[PDB]
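What follows is the content of protein.pdb (PDB, C-alpha atoms (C1' of nucleotides)).
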ATOM      1  CA  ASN D   8     108.217 138.792  21.102
ATOM      2  CA  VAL D   9     110.016 136.840  18.371
ATOM      3  CA  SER D  10     108.713 134.825  15.426
ATOM      4  CA  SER D  11     111.612 132.433  14.833
ATOM      5  CA  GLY D  12     113.209 130.453  17.630
ATOM      6  CA  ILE D  13     114.299 127.051  18.895
ATOM      7  CA  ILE D  14     112.717 124.821  21.550
ATOM      8  CA  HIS D  15     114.813 122.109  23.206
ATOM      9  CA  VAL D  16     113.600 118.869  24.793
ATOM     10  CA  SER D  17     115.722 116.413  26.796
ATOM     11  CA  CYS D  18     114.000 113.092  27.536
ATOM     12  CA  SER D  19     116.110 111.554  30.287
ATOM     13  CA  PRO D  20     115.641 107.855  31.117
ATOM     14  CA  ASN D  21     114.258 109.000  34.493
ATOM     15  CA  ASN D  22     112.563 112.319  33.598
ATOM     16  CA  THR D  23     112.125 114.873  30.823
ATOM     17  CA  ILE D  24     112.566 118.611  30.329
ATOM     18  CA  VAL D  25     111.389 120.934  27.552
ATOM     19  CA  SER D  26     112.547 124.523  27.052
ATOM     20  CA  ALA D  27     111.694 127.152  24.438
ATOM     21  CA  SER D  28     114.524 129.510  23.516
ATOM     22  CA  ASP D  29     115.258 132.461  21.265
ATOM     23  CA  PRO D  30     118.020 132.123  18.631
ATOM     24  CA  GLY D  31     120.231 134.380  20.772
ATOM     25  CA  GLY D  32     120.663 131.491  23.227
ATOM     26  CA  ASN D  33     118.498 132.841  26.051
ATOM     27  CA  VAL D  34     115.606 130.768  27.370
ATOM     28  CA  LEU D  35     111.984 131.879  27.092
ATOM     29  CA  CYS D  36     110.270 129.295  29.314
ATOM     30  CA  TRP D  37     110.792 125.704  30.403
ATOM     31  CA  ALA D  38     108.593 122.831  31.530
ATOM     32  CA  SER D  39     109.075 119.397  33.055
ATOM     33  CA  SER D  40     107.136 116.464  34.469
ATOM     34  CA  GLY D  41     107.622 117.891  37.965
ATOM     35  CA  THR D  42     105.732 121.079  37.103
ATOM     36  CA  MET D  43     102.548 118.979  37.054
ATOM     37  CA  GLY D  44     100.911 117.541  40.143
ATOM     38  CA  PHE D  45     101.989 113.914  39.830
ATOM     39  CA  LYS D  46     105.495 113.182  41.108
ATOM     40  CA  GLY D  47     107.706 110.230  41.980
ATOM     41  CA  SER D  48     108.375 107.268  39.718
ATOM     42  CA  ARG D  49     105.215 107.826  37.651
ATOM     43  CA  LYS D  50     106.678 110.923  35.943
ATOM     44  CA  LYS D  51     108.808 108.903  33.477
ATOM     45  CA  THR D  52     105.941 108.226  31.083
ATOM     46  CA  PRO D  53     105.424 109.355  27.468
ATOM     47  CA  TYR D  54     102.030 110.761  28.495
ATOM     48  CA  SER D  55     103.715 113.051  31.034
ATOM     49  CA  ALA D  56     106.170 114.326  28.422
ATOM     50  CA  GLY D  57     103.253 114.847  26.042
ATOM     51  CA  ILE D  58     101.329 116.989  28.513
ATOM     52  CA  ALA D  59     104.502 118.922  29.388
ATOM     53  CA  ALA D  60     105.050 119.662  25.696
ATOM     54  CA  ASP D  61     101.377 120.635  25.376
ATOM     55  CA  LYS D  62     101.779 123.106  28.231
ATOM     56  CA  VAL D  63     105.017 124.589  26.878
ATOM     57  CA  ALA D  64     103.483 124.977  23.410
ATOM     58  CA  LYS D  65     100.482 126.657  25.033
ATOM     59  CA  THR D  66     102.574 129.086  27.074
ATOM     60  CA  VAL D  67     104.710 129.969  24.037
ATOM     61  CA  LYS D  68     101.605 130.572  21.885
ATOM     62  CA  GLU D  69     100.743 133.784  23.764
ATOM     63  CA  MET D  70     104.324 134.916  23.106
ATOM     64  CA  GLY D  71     103.547 134.914  19.379
ATOM     65  CA  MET D  72     105.627 131.946  18.260
ATOM     66  CA  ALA D  73     106.292 131.035  14.632
ATOM     67  CA  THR D  74     108.587 128.746  12.611
ATOM     68  CA  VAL D  75     110.938 126.999  14.999
ATOM     69  CA  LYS D  76     113.868 124.601  14.976
ATOM     70  CA  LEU D  77     113.698 121.393  17.009
ATOM     71  CA  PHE D  78     116.678 119.893  18.833
ATOM     72  CA  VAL D  79     115.745 116.676  20.641
ATOM     73  CA  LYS D  80     118.020 115.444  23.420
ATOM     74  CA  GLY D  81     118.337 112.485  25.768
ATOM     75  CA  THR D  82     117.228 108.882  25.412
ATOM     76  CA  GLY D  83     113.868 107.437  26.377
ATOM     77  CA  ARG D  84     110.417 106.414  25.229
ATOM     78  CA  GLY D  85     108.787 109.792  25.930
ATOM     79  CA  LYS D  86     110.594 112.038  23.450
ATOM     80  CA  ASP D  87     108.385 111.099  20.489
ATOM     81  CA  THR D  88     105.161 112.023  22.299
ATOM     82  CA  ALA D  89     106.400 115.622  22.365
ATOM     83  CA  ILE D  90     106.749 115.381  18.578
ATOM     84  CA  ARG D  91     103.090 114.336  18.345
ATOM     85  CA  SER D  92     102.060 117.135  20.710
ATOM     86  CA  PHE D  93     103.874 119.782  18.669
ATOM     87  CA  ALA D  94     102.758 118.472  15.269
ATOM     88  CA  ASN D  95      99.128 118.289  16.413
ATOM     89  CA  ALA D  96      99.440 121.729  18.050
ATOM     90  CA  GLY D  97      99.534 123.318  14.589
ATOM     91  CA  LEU D  98     102.842 125.078  15.231
ATOM     92  CA  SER D  99     105.172 125.952  12.338
ATOM     93  CA  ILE D 100     107.950 123.431  13.068
ATOM     94  CA  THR D 101     110.457 123.516  10.220
ATOM     95  CA  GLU D 102     113.598 121.527  11.107
ATOM     96  CA  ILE D 103     114.406 118.502  13.269
ATOM     97  CA  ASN D 104     117.825 117.597  14.658
ATOM     98  CA  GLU D 105     119.541 115.333  17.177
ATOM     99  CA  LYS D 106     121.475 116.897  20.071
ATOM    100  CA  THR D 107     122.100 114.173  22.606
ATOM    101  CA  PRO D 108     125.220 114.926  24.683
ATOM    102  CA  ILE D 109     127.006 112.102  22.865
ATOM    103  CA  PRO D 110     130.710 111.851  23.781
ATOM    104  CA  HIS D 111     133.533 110.166  21.949
ATOM    105  CA  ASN D 112     135.056 107.217  23.811
ATOM    106  CA  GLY D 113     136.765 109.276  26.494
ATOM    107  CA  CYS D 114     135.844 109.530  30.167
ATOM    108  CA  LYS D 115     134.828 106.363  31.980
ATOM    109  CA  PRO D 116     131.069 106.152  32.703
ATOM    110  CA  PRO D 117     129.399 104.566  35.747
ATOM    111  CA  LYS D 118     129.153 100.746  36.001
ATOM    112  CA  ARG D 119     126.780  97.831  35.307
ATOM    113  CA  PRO D 120     124.094  97.693  38.020
ATOM    114  CA  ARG D 121     123.785  94.115  39.175
TER
ATOM    115  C1'   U X   1     176.586  54.387  13.683
ATOM    116  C1'   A X   2     181.051  56.864  15.810
ATOM    117  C1'   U X   3     186.291  59.376  13.998
ATOM    118  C1'   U X   4     188.822  61.621  10.285
ATOM    119  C1'   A X   5     190.481  63.278   4.895
ATOM    120  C1'   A X   6     187.999  65.717   1.516
ATOM    121  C1'   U X   7     183.641  67.163  -2.565
ATOM    122  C1'   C X   8     178.223  69.074  -3.828
ATOM    123  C1'   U X   9     173.765  72.049  -2.830
ATOM    124  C1'   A X  10     168.071  70.508  -1.931
ATOM    125  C1'   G X  11     168.729  71.662   4.435
ATOM    126  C1'   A X  12     169.651  76.316   6.593
ATOM    127  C1'   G X  13     171.218  81.397   6.255
ATOM    128  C1'   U X  14     173.152  86.154   3.484
ATOM    129  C1'   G X  15     172.433  89.237  -1.381
ATOM    130  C1'   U X  16     169.081  91.107  -5.306
ATOM    131  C1'   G X  17     164.387  93.100  -6.746
ATOM    132  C1'   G X  18     159.358  93.672  -5.482
ATOM    133  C1'   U X  19     155.808  93.817  -0.751
ATOM    134  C1'   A X  20     152.251  94.316   3.318
ATOM    135  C1'   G X  21     151.263  95.175   8.140
ATOM    136  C1'   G X  22     146.851  99.126  15.054
ATOM    137  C1'   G X  23     154.997  95.730  15.301
ATOM    138  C1'   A X  24     157.694  98.674  19.224
ATOM    139  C1'   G X  25     159.890 102.827  21.611
ATOM    140  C1'   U X  26     160.944 108.263  21.914
ATOM    141  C1'   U X  27     159.288 113.367  20.475
ATOM    142  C1'   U X  28     154.940 116.681  19.158
ATOM    143  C1'   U X  29     149.550 118.043  17.786
ATOM    144  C1'   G X  30     143.620 117.617  17.717
ATOM    145  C1'   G X  31     138.551 117.257  18.784
ATOM    146  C1'   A X  32     134.183 115.416  21.224
ATOM    147  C1'   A X  33     132.389 114.776  26.111
ATOM    148  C1'   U X  34     132.418 115.160  31.559
ATOM    149  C1'   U X  35     133.604 118.279  35.661
ATOM    150  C1'   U X  36     134.708 123.235  37.739
ATOM    151  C1'   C X  37     134.550 128.344  37.072
ATOM    152  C1'   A X  38     132.789 132.917  34.690
ATOM    153  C1'   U X  39     129.048 135.426  31.598
ATOM    154  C1'   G X  40     123.773 136.161  30.154
ATOM    155  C1'   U X  41     118.662 134.016  29.802
ATOM    156  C1'   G X  42     114.738 131.778  34.906
ATOM    157  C1'   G X  43     111.935 130.797  38.862
ATOM    158  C1'   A X  44     110.901 125.108  41.962
ATOM    159  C1'   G X  45     111.721 121.492  42.047
ATOM    160  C1'   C X  46     116.196 118.303  40.517
ATOM    161  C1'   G X  47     118.436 113.724  41.116
ATOM    162  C1'   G X  48     117.269 109.045  42.269
ATOM    163  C1'   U X  49     114.865 103.676  42.143
ATOM    164  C1'   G X  50     110.451  97.956  41.841
ATOM    165  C1'   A X  51     108.484 101.841  44.924
ATOM    166  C1'   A X  52     110.858 105.263  47.977
ATOM    167  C1'   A X  53     114.362 107.840  50.816
ATOM    168  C1'   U X  54     119.594 110.203  52.374
ATOM    169  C1'   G X  55     121.472 114.041  48.759
ATOM    170  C1'   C X  56     121.255 118.789  45.690
ATOM    171  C1'   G X  57     117.857 123.340  45.024
ATOM    172  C1'   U X  58     115.308 131.203  45.483
ATOM    173  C1'   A X  59     122.012 132.022  48.639
ATOM    174  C1'   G X  60     118.894 130.791  41.273
ATOM    175  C1'   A X  61     119.917 124.450  40.946
ATOM    176  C1'   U X  62     118.386 121.560  36.278
ATOM    177  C1'   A X  63     118.146 123.743  31.567
ATOM    178  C1'   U X  64     119.768 127.091  27.412
ATOM    179  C1'   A X  65     124.070 129.769  24.687
ATOM    180  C1'   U X  66     129.107 131.488  24.954
ATOM    181  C1'   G X  67     134.130 131.699  26.934
ATOM    182  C1'   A X  68     138.210 129.837  30.113
ATOM    183  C1'   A X  69     140.696 125.886  32.751
ATOM    184  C1'   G X  70     142.432 121.109  33.804
ATOM    185  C1'   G X  71     142.461 115.849  33.571
ATOM    186  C1'   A X  72     141.448 111.167  31.466
ATOM    187  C1'   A X  73     140.284 107.959  27.322
ATOM    188  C1'   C X  74     140.634 107.921  21.618
ATOM    189  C1'   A X  75     132.872 106.328  18.971
ATOM    190  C1'   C X  76     131.898 106.514  13.404
ATOM    191  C1'   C X  77     137.015 103.376   9.900
ATOM    192  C1'   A X  78     135.924  98.105  12.967
ATOM    193  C1'   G X  79     135.534  93.077   9.752
ATOM    194  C1'   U X  80     133.121  84.803  10.076
TER
END
Take the structure I supplied and represent it as structure tokens, if you would.
Amino acid sequence: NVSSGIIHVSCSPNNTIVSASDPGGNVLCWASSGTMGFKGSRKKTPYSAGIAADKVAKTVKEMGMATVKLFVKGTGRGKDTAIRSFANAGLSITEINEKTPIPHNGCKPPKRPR
RNA sequence: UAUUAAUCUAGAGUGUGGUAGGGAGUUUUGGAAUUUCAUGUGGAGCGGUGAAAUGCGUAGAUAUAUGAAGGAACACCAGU
């Protein structure tokens, strides 16, 4: 029910999530690799993120979606496939930005696995 | 060489001017991020690994935006 908006995607090293939102901060709909049939370790693939982004773009099309900001989050090899999905979808993407939860050198993270 | 009577300034220190440096201690401030809580948005998976599984999830998690709290450590300056 809104033309302008923002859709967020967070490509974790183990999974990915995409979520379309209005500029007021509320969510409209979200999608993830788990929403599709295949599960387990095979869900951390760029193809899975691509189909998730395809589905979220589809389900926001009926909403009447228009020019939209893009905040990409997380690290992984599947985030760019969502970019291809959205660009090829014909949507009115207008701005790209980086919103990884990057911290300054503060709290101590987990260790080296070894 | 040792002892002693002395003398001098290059040895070594003090002064003068200029001069750099994350040198140290004490006393204050800040912001990112995590976590918890609260507020809305939402409905099934999330997390996880070589692959899985304990574990978490409609009693609304993850996510998204805002606010509060507390604690810890100070990317980018950073280097033949």
As a check of understanding: the span from atom CA of residue D:26 to atom CA of residue D:114 is 27.9 Å
Using all atoms listed in the file: which of X:5, X:76, X:59, X:69 has the shortest distance to chain D:
X:76
Quick one: apply the PyMOL selection byres ((chain D) within 6 of (chain X)) to the file and drop the selected residues here as an MDAnalysis selection string.
chainID D and resid 32:34 110:114
Given 3 Å of margin on each side, can you work out the centre and size in Å (one decimal) of an axis-aligned box holding every listed atom of stretch 48-55 of chain X, as lines of an AutoDock Vina configuration file?
center_x = 115.0
center_y = 106.0
center_z = 47.1
size_x = 19.0
size_y = 22.1
size_z = 16.5
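Look at stretch 54-69 of chain D: the protein and nucleic acid residues within 8 Å of it, using only C-alpha atoms (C1' of nucleotides) and passing over chain neighbours fewer than 5 places away, are residues 18, 23, 24, 25, 26, 27, 36, 37, 38, 39, 40, 43, 85, 86, 88, 89, 91, 92, 93 and 96 of chain D.
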Just to confirm, what's the straight-line distance from atom CA of residue D:104 to atom CA of residue D:87 in Å (one decimal)?
12.9 Å
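In this model, the gap between atom CA of residue D:97 and atom CA of residue D:79 comes to 18.5 Å.
Using only C-alpha atoms, the shortest contact distance between residue D:82 and any of D:107, D:8, D:42, D:52 is found at D:107.
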Contacts of residue X:70 within 12 Å, only C-alpha atoms (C1' of nucleotides), excl. fewer than 3 positions in-chain, as JSON, numbers by chain
{"X": [34, 35, 36, 37]}
